[PDB]
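All remarks here apply to the structure that follows.
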Ligand SMILES: O=C(O)Cc1cc(Cl)cc(Cl)c1
């Protein structure tokens, strides 16, 4: 048993809700919240900007020191950093950004990072401003992640479309 409420069950291990991931993290304080990061960990917009704003920019300060030491992530890659006031840990995962011309085939690699963690609160990778087909992202998620994932989709109309079309 865990603390996630009102999620629709899609599969054995994937659950979904129409919710703001920031508000969900603040209420649940999960062990792991996933950030939809870029390779520079520049948390300007989207999920990353919203998570970072909720940490009062402490996520960005920590991330800048991570990059100064380690250099950028890979597309498809990840790193584990603090969850600050939102979670124990934040798993920063880089899904491909179609609007930057990154390879959509790296989405599966991105979701494989989730398998290193037993339970996660996560966004729908590569959707929204990332430019990929969300229906596709949800299919890759369910076909790749084996650990327990609670997806928090912000856009209402998108949530309804994803549930109605799910195979
Ligand atoms: O939750 C959503 O509506 C989809 C989405 C996913 C990501 Cl990763 C970023 C944005 Cl801005 C939006």
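Residue numbers (PDB author numbering): 3 to 169. Beta carbons are placed, not taken as given, at the ideal position from N, Cα and C, and that holds for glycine.
Check	Outcome
Start-to-end residues for the beta strand (DSSP E) that takes in residue 138	Premise fails: residue 138 lies in the alpha helix (DSSP H), 136-146, not in any beta strand (DSSP E).
Unbroken alpha helix (DSSP H) run spanning residue 49, endpoints	48-56
Residue nearest to residue 251 in terms of C-alpha spacing, selected from 87, 42, 156 and 115	Lying outside 3 to 169, the shown extent of the chain, residue 251 is not represented and no answer is given.
Residue 125 beta carbon near ligand 1 (any heavy atom closer than 7 Å)	yes
One or two residues paired with residue 65 in a DSSP bridge	In the DSSP output, where bridge partners are listed per residue, residue 65 has none listed.
Contact test: residue 95 Cβ vs ligand 1 heavy atom, cutoff 7 Å	no
Simplified DSSP state of residue 96, which is helix, strand or coil	coil
Unbroken alpha helix (DSSP H) run spanning residue 106, endpoints	Here residue 106 belongs to no alpha helix (DSSP H), and DSSP marks it neither H nor E.
Reference residue 102; option with closest CA among 40, 25, 126 and 160	40
Within 8 Å, strictly: CB atoms of residue 154 and residue 64	no
Residues bridged to residue 122 (per DSSP)	151
Beta-carbon separation (whole angstroms), residue 108 vs residue 98, contact threshold 8 Å	5 Å
Residue 169 (DSSP reduced to helix, strand or coil)	coil
Endpoints, beta strand (DSSP E) assigned at residue 27	Careful: residue 27 lies outside any beta strand (DSSP E), inside the alpha helix (DSSP H) at 23-30.
Residue nearest to residue 4 in terms of C-alpha spacing, selected from 47, 19 and 31	31
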